[PDB]
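Shown next: upload-v5.cif, containing mmCIF, C-alpha atoms.
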data_data
#
loop_
_atom_site.group_PDB
_atom_site.id
_atom_site.type_symbol
_atom_site.label_atom_id
_atom_site.label_comp_id
_atom_site.auth_asym_id
_atom_site.auth_seq_id
_atom_site.Cartn_x
_atom_site.Cartn_y
_atom_site.Cartn_z
ATOM 1 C CA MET I 1 23.179 27.244 17.167
ATOM 2 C CA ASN I 2 26.806 26.529 17.976
ATOM 3 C CA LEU I 3 27.117 24.825 21.305
ATOM 4 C CA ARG I 4 30.364 24.995 23.252
ATOM 5 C CA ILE I 5 29.396 21.777 24.897
ATOM 6 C CA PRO I 6 30.925 18.329 24.773
ATOM 7 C CA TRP I 7 29.451 16.291 21.919
ATOM 8 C CA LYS I 8 28.193 13.500 24.116
ATOM 9 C CA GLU I 9 26.090 15.782 26.268
ATOM 10 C CA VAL I 10 23.998 16.719 23.253
ATOM 11 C CA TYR I 11 23.529 13.051 22.321
ATOM 12 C CA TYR I 12 26.035 13.348 19.464
ATOM 13 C CA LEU I 13 23.564 15.407 17.446
ATOM 14 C CA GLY I 14 24.777 18.066 15.026
ATOM 15 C CA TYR I 15 28.282 18.324 13.666
ATOM 16 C CA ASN I 16 31.307 18.194 15.873
ATOM 17 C CA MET I 17 33.401 21.225 14.920
ATOM 18 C CA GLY I 18 35.964 20.579 17.660
ATOM 19 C CA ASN I 19 35.397 23.778 19.631
ATOM 20 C CA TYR I 20 31.645 23.631 19.216
ATOM 21 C CA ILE I 21 28.775 21.524 18.012
ATOM 22 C CA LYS I 22 27.063 22.937 14.950
ATOM 23 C CA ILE I 23 23.516 21.794 15.614
ATOM 24 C CA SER I 24 20.211 22.198 13.723
ATOM 25 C CA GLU I 25 17.051 23.679 15.220
ATOM 26 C CA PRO I 26 15.040 20.427 15.430
ATOM 27 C CA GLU I 27 17.941 18.589 16.959
ATOM 28 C CA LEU I 28 18.547 21.492 19.356
ATOM 29 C CA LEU I 29 14.847 21.581 20.206
ATOM 30 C CA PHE I 30 15.153 17.980 21.324
ATOM 31 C CA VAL I 31 18.240 18.723 23.413
ATOM 32 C CA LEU I 32 16.418 21.528 25.186
ATOM 33 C CA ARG I 33 13.427 19.439 26.188
ATOM 34 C CA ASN I 34 15.575 16.543 27.399
ATOM 35 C CA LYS I 35 18.435 18.413 29.033
ATOM 36 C CA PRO I 36 16.719 21.138 31.114
ATOM 37 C CA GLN I 37 19.987 22.047 32.866
ATOM 38 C CA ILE I 38 21.495 22.713 29.468
ATOM 39 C CA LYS I 39 18.459 24.825 28.604
ATOM 40 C CA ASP I 40 19.815 27.312 31.141
ATOM 41 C CA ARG I 41 23.530 26.857 30.664
ATOM 42 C CA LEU I 42 22.328 28.263 27.329
ATOM 43 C CA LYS I 43 19.262 30.263 28.417
ATOM 44 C CA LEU I 44 17.421 30.032 25.111
ATOM 45 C CA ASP I 45 13.727 29.196 24.715
ATOM 46 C CA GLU I 46 12.127 26.454 22.638
ATOM 47 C CA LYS I 47 9.625 29.075 21.619
ATOM 48 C CA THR I 48 12.398 30.894 19.749
ATOM 49 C CA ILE I 49 14.161 27.827 18.349
ATOM 50 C CA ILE I 50 10.854 26.242 17.250
ATOM 51 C CA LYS I 51 10.029 29.630 15.730
ATOM 52 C CA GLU I 52 13.193 29.640 13.597
ATOM 53 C CA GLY I 53 13.096 25.932 12.812
ATOM 54 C CA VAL I 54 9.738 26.248 11.102
ATOM 55 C CA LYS I 55 11.044 29.261 9.215
ATOM 56 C CA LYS I 56 13.923 27.171 7.938
ATOM 57 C CA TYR I 57 12.509 23.720 7.216
ATOM 58 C CA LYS I 58 9.087 23.050 5.818
ATOM 59 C CA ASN I 59 9.283 19.663 7.575
ATOM 60 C CA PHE I 60 10.633 20.945 10.910
ATOM 61 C CA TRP I 61 8.261 18.977 13.131
ATOM 62 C CA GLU I 62 8.751 15.804 11.152
ATOM 63 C CA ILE I 63 12.516 16.145 11.546
ATOM 64 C CA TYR I 64 12.144 16.892 15.310
ATOM 65 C CA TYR I 65 9.837 13.922 15.931
ATOM 66 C CA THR I 66 12.001 11.546 13.950
ATOM 67 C CA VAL I 67 15.192 12.690 15.688
ATOM 68 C CA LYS I 68 13.348 12.290 18.971
ATOM 69 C CA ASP I 69 12.025 8.817 18.293
ATOM 70 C CA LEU I 70 15.392 7.617 16.989
ATOM 71 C CA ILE I 71 17.488 9.098 19.810
ATOM 72 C CA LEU I 72 15.134 7.744 22.446
ATOM 73 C CA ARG I 73 15.225 4.285 20.763
ATOM 74 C CA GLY I 74 19.000 4.491 21.374
ATOM 75 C CA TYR I 75 20.060 5.113 17.775
ATOM 76 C CA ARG I 76 22.614 7.795 16.911
ATOM 77 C CA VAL I 77 21.597 10.347 14.360
ATOM 78 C CA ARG I 78 22.735 13.528 12.733
ATOM 79 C CA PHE I 79 20.572 15.853 10.646
ATOM 80 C CA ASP I 80 22.391 16.765 7.405
ATOM 81 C CA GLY I 81 20.050 19.572 6.372
ATOM 82 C CA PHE I 82 17.976 17.229 4.193
ATOM 83 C CA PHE I 83 18.336 13.675 5.433
ATOM 84 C CA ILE I 84 18.675 12.377 8.946
ATOM 85 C CA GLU I 85 21.783 10.157 8.997
ATOM 86 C CA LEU I 86 20.908 7.021 10.938
ATOM 87 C CA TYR I 87 23.658 5.057 12.701
ATOM 88 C CA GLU I 88 23.557 1.870 14.749
ATOM 89 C CA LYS I 89 23.359 2.140 18.556
ATOM 90 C CA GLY I 90 26.702 2.920 20.125
ATOM 91 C CA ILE I 91 28.190 4.505 16.999
ATOM 92 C CA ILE I 92 29.508 8.043 16.931
ATOM 93 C CA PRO I 93 28.327 9.840 13.767
ATOM 94 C CA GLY I 94 30.958 10.599 11.086
ATOM 95 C CA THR I 95 33.074 7.856 12.614
ATOM 96 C CA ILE I 96 31.734 5.470 9.966
ATOM 97 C CA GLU I 97 29.113 5.990 7.242
ATOM 98 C CA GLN I 98 25.469 6.051 8.336
ATOM 99 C CA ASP I 99 23.376 2.926 7.769
ATOM 100 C CA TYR I 100 20.496 4.957 6.325
ATOM 101 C CA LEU I 101 19.674 8.333 5.050
ATOM 102 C CA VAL I 102 16.195 8.907 6.370
ATOM 103 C CA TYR I 103 13.757 11.350 4.938
ATOM 104 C CA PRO I 104 11.079 12.528 7.343
ATOM 105 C CA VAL I 105 7.592 13.506 6.199
ATOM 106 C CA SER I 106 3.991 13.476 7.444
ATOM 107 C CA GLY I 107 1.131 11.570 5.788
ATOM 108 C CA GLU I 108 -0.748 14.641 4.558
ATOM 109 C CA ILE I 109 2.122 16.480 2.849
ATOM 110 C CA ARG I 110 1.909 15.976 -0.916
ATOM 111 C CA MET I 111 4.250 14.151 -3.328
ATOM 112 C CA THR I 112 4.681 12.848 -6.841
ATOM 113 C CA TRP I 113 6.309 9.519 -7.600
ATOM 114 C CA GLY I 114 8.838 11.671 -9.406
ATOM 115 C CA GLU I 115 9.669 13.360 -6.114
ATOM 116 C CA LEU I 116 10.196 10.026 -4.367
ATOM 117 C CA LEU I 117 12.575 8.966 -7.136
ATOM 118 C CA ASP I 118 14.532 12.230 -6.760
ATOM 119 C CA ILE I 119 14.881 11.782 -2.981
ATOM 120 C CA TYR I 120 15.826 8.135 -3.330
ATOM 121 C CA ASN I 121 18.343 9.003 -6.072
ATOM 122 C CA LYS I 122 20.006 11.580 -3.875
ATOM 123 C CA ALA I 123 20.550 8.850 -1.247
ATOM 124 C CA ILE I 124 21.896 6.517 -3.913
ATOM 125 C CA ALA I 125 24.189 9.304 -5.156
ATOM 126 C CA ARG I 126 25.605 9.295 -1.631
ATOM 127 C CA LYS I 127 26.027 5.539 -1.745
ATOM 128 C CA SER I 128 23.633 4.690 1.052
ATOM 129 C CA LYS I 129 20.341 2.997 1.778
ATOM 130 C CA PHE I 130 17.177 5.054 1.945
ATOM 131 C CA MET I 131 14.458 5.063 4.544
ATOM 132 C CA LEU I 132 11.243 7.048 4.706
ATOM 133 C CA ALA I 133 10.028 8.134 8.152
ATOM 134 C CA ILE I 134 6.352 8.978 8.380
ATOM 135 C CA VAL I 135 5.267 10.971 11.460
ATOM 136 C CA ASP I 136 1.552 10.751 12.212
ATOM 137 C CA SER I 137 -0.607 13.256 14.054
ATOM 138 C CA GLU I 138 0.380 12.026 17.526
ATOM 139 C CA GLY I 139 4.082 12.450 16.720
ATOM 140 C CA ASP I 140 4.646 8.693 16.419
ATOM 141 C CA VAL I 141 7.016 7.576 13.676
ATOM 142 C CA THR I 142 6.986 4.588 11.395
ATOM 143 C CA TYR I 143 9.798 3.610 9.087
ATOM 144 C CA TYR I 144 9.940 2.106 5.598
ATOM 145 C CA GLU I 145 12.817 1.041 3.444
ATOM 146 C CA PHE I 146 12.492 1.982 -0.236
ATOM 147 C CA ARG I 147 14.943 0.336 -2.616
ATOM 148 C CA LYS I 148 15.271 -0.288 -6.330
ATOM 149 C CA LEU I 149 15.233 -3.902 -7.504
ATOM 150 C CA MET O 1 -13.019 -9.840 -22.490
ATOM 151 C CA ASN O 2 -13.616 -13.537 -21.939
ATOM 152 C CA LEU O 3 -11.345 -15.590 -24.111
ATOM 153 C CA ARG O 4 -12.260 -19.156 -25.011
ATOM 154 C CA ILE O 5 -8.609 -19.844 -25.453
ATOM 155 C CA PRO O 6 -6.227 -22.089 -23.575
ATOM 156 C CA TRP O 7 -4.625 -20.238 -20.664
ATOM 157 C CA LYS O 8 -1.084 -20.770 -21.836
ATOM 158 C CA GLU O 9 -1.667 -19.142 -25.193
ATOM 159 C CA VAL O 10 -2.471 -15.863 -23.477
ATOM 160 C CA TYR O 11 0.680 -16.099 -21.343
ATOM 161 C CA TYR O 12 -1.349 -17.091 -18.271
ATOM 162 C CA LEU O 13 -2.717 -13.561 -17.975
ATOM 163 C CA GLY O 14 -6.185 -12.937 -16.567
ATOM 164 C CA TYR O 15 -8.172 -15.405 -14.526
ATOM 165 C CA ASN O 16 -8.665 -18.961 -15.597
ATOM 166 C CA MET O 17 -12.413 -19.584 -15.386
ATOM 167 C CA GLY O 18 -12.126 -23.088 -16.847
ATOM 168 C CA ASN O 19 -14.173 -22.481 -19.991
ATOM 169 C CA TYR O 20 -12.664 -19.069 -20.582
ATOM 170 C CA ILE O 21 -10.000 -16.661 -19.470
ATOM 171 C CA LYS O 22 -11.386 -13.564 -17.798
ATOM 172 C CA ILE O 23 -8.793 -11.032 -18.890
ATOM 173 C CA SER O 24 -8.344 -7.279 -18.281
ATOM 174 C CA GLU O 25 -7.982 -4.687 -21.032
ATOM 175 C CA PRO O 26 -4.273 -3.905 -20.481
ATOM 176 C CA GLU O 27 -3.403 -7.559 -20.319
ATOM 177 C CA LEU O 28 -5.541 -8.230 -23.403
ATOM 178 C CA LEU O 29 -3.919 -5.296 -25.185
ATOM 179 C CA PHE O 30 -0.580 -6.999 -24.668
ATOM 180 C CA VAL O 31 -1.895 -10.322 -25.962
ATOM 181 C CA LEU O 32 -3.151 -8.646 -29.115
ATOM 182 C CA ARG O 33 0.141 -6.995 -29.982
ATOM 183 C CA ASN O 34 2.153 -10.156 -29.327
ATOM 184 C CA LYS O 35 -0.183 -12.790 -30.726
ATOM 185 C CA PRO O 36 -1.327 -11.351 -34.091
ATOM 186 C CA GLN O 37 -2.950 -14.654 -35.105
ATOM 187 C CA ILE O 38 -5.052 -14.455 -31.973
ATOM 188 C CA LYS O 39 -5.930 -10.869 -32.865
ATOM 189 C CA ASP O 40 -7.965 -12.368 -35.706
ATOM 190 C CA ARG O 41 -9.172 -15.564 -34.104
ATOM 191 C CA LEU O 42 -10.828 -12.809 -32.051
ATOM 192 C CA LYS O 43 -11.068 -9.996 -34.623
ATOM 193 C CA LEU O 44 -11.027 -7.145 -32.123
ATOM 194 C CA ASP O 45 -8.932 -3.981 -32.445
ATOM 195 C CA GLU O 46 -6.452 -2.520 -29.973
ATOM 196 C CA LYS O 47 -8.030 0.800 -30.785
ATOM 197 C CA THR O 48 -11.233 -0.393 -29.108
ATOM 198 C CA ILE O 49 -9.624 -2.237 -26.195
ATOM 199 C CA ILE O 50 -7.216 0.657 -25.499
ATOM 200 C CA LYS O 51 -10.269 2.915 -25.718
ATOM 201 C CA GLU O 52 -12.113 0.982 -22.993
ATOM 202 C CA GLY O 53 -9.035 0.351 -20.871
ATOM 203 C CA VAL O 54 -8.438 4.056 -20.400
ATOM 204 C CA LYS O 55 -12.109 4.486 -19.574
ATOM 205 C CA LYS O 56 -11.767 1.886 -16.851
ATOM 206 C CA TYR O 57 -8.373 2.455 -15.242
ATOM 207 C CA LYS O 58 -6.802 5.820 -14.674
ATOM 208 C CA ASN O 59 -3.436 4.021 -14.834
ATOM 209 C CA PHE O 60 -4.197 1.880 -17.903
ATOM 210 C CA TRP O 61 -0.927 2.542 -19.722
ATOM 211 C CA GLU O 62 1.126 2.013 -16.602
ATOM 212 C CA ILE O 63 -0.565 -1.349 -16.066
ATOM 213 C CA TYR O 64 -0.055 -2.296 -19.767
ATOM 214 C CA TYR O 65 3.635 -1.339 -19.769
ATOM 215 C CA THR O 66 4.323 -3.114 -16.508
ATOM 216 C CA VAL O 67 2.520 -6.280 -17.624
ATOM 217 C CA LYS O 68 4.491 -6.065 -20.850
ATOM 218 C CA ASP O 69 7.879 -5.598 -19.246
ATOM 219 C CA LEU O 70 7.241 -8.369 -16.718
ATOM 220 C CA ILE O 71 5.870 -10.907 -19.213
ATOM 221 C CA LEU O 72 8.706 -10.255 -21.633
ATOM 222 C CA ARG O 73 11.248 -10.628 -18.769
ATOM 223 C CA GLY O 74 9.731 -14.122 -18.367
ATOM 224 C CA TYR O 75 7.792 -13.464 -15.162
ATOM 225 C CA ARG O 76 4.191 -14.622 -14.768
ATOM 226 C CA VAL O 77 1.668 -12.021 -13.805
ATOM 227 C CA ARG O 78 -2.012 -11.500 -13.319
ATOM 228 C CA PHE O 79 -3.756 -8.139 -12.983
ATOM 229 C CA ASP O 80 -6.154 -8.207 -10.002
ATOM 230 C CA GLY O 81 -7.963 -4.972 -10.831
ATOM 231 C CA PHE O 82 -5.673 -2.945 -8.555
ATOM 232 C CA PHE O 83 -2.365 -4.731 -8.150
ATOM 233 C CA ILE O 84 -0.412 -6.768 -10.635
ATOM 234 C CA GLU O 85 0.312 -10.127 -8.967
ATOM 235 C CA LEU O 86 3.934 -10.991 -9.675
ATOM 236 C CA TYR O 87 5.039 -14.639 -9.709
ATOM 237 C CA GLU O 88 8.427 -16.237 -10.282
ATOM 238 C CA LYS O 89 9.298 -17.486 -13.788
ATOM 239 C CA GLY O 90 7.708 -20.818 -14.570
ATOM 240 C CA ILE O 91 4.882 -20.456 -12.044
ATOM 241 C CA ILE O 92 1.237 -20.606 -13.020
ATOM 242 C CA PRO O 93 -0.724 -17.830 -11.265
ATOM 243 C CA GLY O 94 -3.160 -18.873 -8.497
ATOM 244 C CA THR O 95 -1.184 -22.088 -8.190
ATOM 245 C CA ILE O 96 0.726 -20.530 -5.286
ATOM 246 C CA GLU O 97 0.576 -17.017 -3.805
ATOM 247 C CA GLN O 98 2.268 -14.235 -5.775
ATOM 248 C CA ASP O 99 5.687 -13.041 -4.613
ATOM 249 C CA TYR O 100 4.661 -9.386 -4.920
ATOM 250 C CA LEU O 101 1.684 -7.230 -5.350
ATOM 251 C CA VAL O 102 2.921 -4.540 -7.676
ATOM 252 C CA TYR O 103 1.361 -1.164 -8.037
ATOM 253 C CA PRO O 104 2.043 0.564 -11.337
ATOM 254 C CA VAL O 105 2.264 4.343 -11.659
ATOM 255 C CA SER O 106 4.058 7.002 -13.714
ATOM 256 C CA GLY O 107 6.419 9.634 -12.282
ATOM 257 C CA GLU O 108 4.142 12.615 -12.916
ATOM 258 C CA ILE O 109 0.926 11.279 -11.363
ATOM 259 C CA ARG O 110 0.435 12.807 -7.913
ATOM 260 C CA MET O 111 0.453 11.198 -4.443
ATOM 261 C CA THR O 112 0.475 11.842 -0.727
ATOM 262 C CA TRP O 113 2.541 9.793 1.689
ATOM 263 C CA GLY O 114 -0.839 8.880 3.113
ATOM 264 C CA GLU O 115 -1.761 7.324 -0.220
ATOM 265 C CA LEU O 116 1.425 5.252 -0.301
ATOM 266 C CA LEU O 117 0.659 3.963 3.192
ATOM 267 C CA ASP O 118 -2.879 3.001 2.107
ATOM 268 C CA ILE O 119 -1.604 1.086 -0.944
ATOM 269 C CA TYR O 120 1.123 -0.614 1.053
ATOM 270 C CA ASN O 121 -1.379 -1.504 3.801
ATOM 271 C CA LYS O 122 -3.707 -3.113 1.306
ATOM 272 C CA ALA O 123 -0.819 -5.378 0.217
ATOM 273 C CA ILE O 124 -0.029 -6.155 3.841
ATOM 274 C CA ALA O 125 -3.720 -6.906 4.457
ATOM 275 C CA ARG O 126 -3.324 -9.537 1.745
ATOM 276 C CA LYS O 127 -0.228 -10.901 3.437
ATOM 277 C CA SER O 128 2.224 -10.136 0.666
ATOM 278 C CA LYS O 129 5.213 -8.004 -0.195
ATOM 279 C CA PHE O 130 4.713 -4.726 -2.006
ATOM 280 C CA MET O 131 6.489 -3.361 -5.029
ATOM 281 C CA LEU O 132 6.071 -0.057 -6.821
ATOM 282 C CA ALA O 133 6.533 -0.047 -10.604
ATOM 283 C CA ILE O 134 7.316 3.319 -12.130
ATOM 284 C CA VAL O 135 6.832 3.611 -15.913
ATOM 285 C CA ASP O 136 8.705 6.512 -17.492
ATOM 286 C CA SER O 137 7.866 8.373 -20.679
ATOM 287 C CA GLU O 138 9.490 5.802 -22.979
ATOM 288 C CA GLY O 139 7.428 2.990 -21.438
ATOM 289 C CA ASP O 140 10.416 1.576 -19.543
ATOM 290 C CA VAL O 141 9.713 0.266 -16.053
ATOM 291 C CA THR O 142 11.728 0.365 -12.881
ATOM 292 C CA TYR O 143 10.843 -1.464 -9.709
ATOM 293 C CA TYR O 144 11.163 -0.632 -6.012
ATOM 294 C CA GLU O 145 10.371 -2.602 -2.924
ATOM 295 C CA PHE O 146 8.681 -0.609 -0.147
ATOM 296 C CA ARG O 147 8.506 -2.277 3.254
ATOM 297 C CA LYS O 148 7.920 -1.277 6.851
ATOM 298 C CA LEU O 149 10.787 -1.781 9.295
#

What's the structure tokens form of this structure?
Amino acid sequence: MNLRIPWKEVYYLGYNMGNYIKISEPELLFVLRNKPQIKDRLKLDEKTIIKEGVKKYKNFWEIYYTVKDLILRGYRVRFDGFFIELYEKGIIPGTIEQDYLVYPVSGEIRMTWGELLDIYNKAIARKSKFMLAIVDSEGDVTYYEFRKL
Amino acid sequence: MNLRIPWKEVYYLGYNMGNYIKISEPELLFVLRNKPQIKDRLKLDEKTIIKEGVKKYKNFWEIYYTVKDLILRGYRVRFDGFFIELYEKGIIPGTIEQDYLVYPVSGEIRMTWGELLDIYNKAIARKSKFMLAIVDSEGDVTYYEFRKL
């Protein structure tokens, strides 16, 4: 989960700890499937990482698919353990504050309006804008801003 | 439920049918508690109207409280049976399109992200912006825009 690999070669995902990149399972899962040569220079399987991602995050797949869509669109992101930090194209994460904290979910997973308020409030408590990412059954992602008036 | 009363004296709530105002229970409930003289010129009780409002709308109170907050803030609104149509101050409803379709809920009532998408889509299908109104346990209302990026 700690990659001794230059930050840029893992798309600037995870946290740059200087001597390694501390990276989450869904982010790492993406790196594996897009950098096959790194899959060996590490020799781990996306069966095992998938396996542990699901164990760790109820919304593993939603995180993975949202990271994937965003990185492929050219955005820079970093998973904080709850929110995906979304930065403009060309920005290196941590270098400035993210534009959005994005919360990834799928359409079927349940919620109360009270839960939405809690999530939004957490983003406000970190002084940033809030975005919901909904991943549908084909793994496609749509995005919605939610903001108090 | 049909008031033979000039539109302006019921705050421009309900639908102006020319010879009467077709008004909903939560809107009417508000009129009753703010125009006591009209409560008699009509001689109905907010026990009975409350009673039938709840029978008709699962979110009766949330509608009532949101109408109330908005009308007292000076906005013009009209309940469409699902959304509250929100117009700028000074506007007469129907006269132009509403600025928002607002959907009123309370924090404890359940939801899936799929439900939020459906509600939002209905507002988009009517070509207008979408606002969620959350009424808390003291009847206070907070407002949030939700929009696709």

Q) For chain O, which residue out of I:143, I:15, I:30, I:87 is the nearest one, using only C-alpha atoms? A) I:143

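Evaluated against the shown file, the PyMOL selection byres ((chain I) within 9 of (chain O)) gives residues 105, 106, 107, 108, 109, 110, 111, 112, 113, 114, 115, 116, 117, 134, 142, 143, 144, 145, 146, 147, 148 and 149 of chain I.
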
Q: Tell me, as a ChimeraX atom specification, which residues lie within 8 Å of residue O:93, counting all atoms listed in the file; anything in the same chain fewer than 3 positions away does not count.
A: /O:12,76-78,87,96-98

(Q) Under the PyMOL selection byres ((chain O and resi 3) around 6), which residues of this model are included? Write them out as a PyMOL selection string. (A) chain O and resi 2+4-5+20-21

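When all atoms listed in the file are used to compute distances to residue I:126, the closest of the residues I:104, I:85, I:56, I:138 turns out to be I:85.
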
Q. Care to translate the PyMOL selection byres ((chain I and resi 37-51) around 12) into actual residues of this file, as a ChimeraX atom specification?
A. /I:1-6,9-10,23-36,52-61,63-64

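Atom pair atom CA of residue I:19 / atom CA of residue I:79: separated by 19.1 Å.
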
(Q) I need the residue nearest residue I:16 from this list: I:119, I:101, I:92, I:141. Use all atoms listed in the file for the distance. (A) I:92

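If you measure from each of O:17, O:102, O:125, O:135 to residue O:81 using all atoms listed in the file, the closest one turns out to be O:102.
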
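Coordinates place atom CA of residue I:99 at a distance of 6.7 Å from atom CA of residue I:129.
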
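Those residues that approach residue O:74 to within 6 Å, counting all atoms listed in the file, are residues 71, 72 and 89 of chain O; same-chain residues fewer than 2 positions away are not listed.
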
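Relative to atom CA of residue I:14, atom CA of residue I:68 is found at 13.4 Å.
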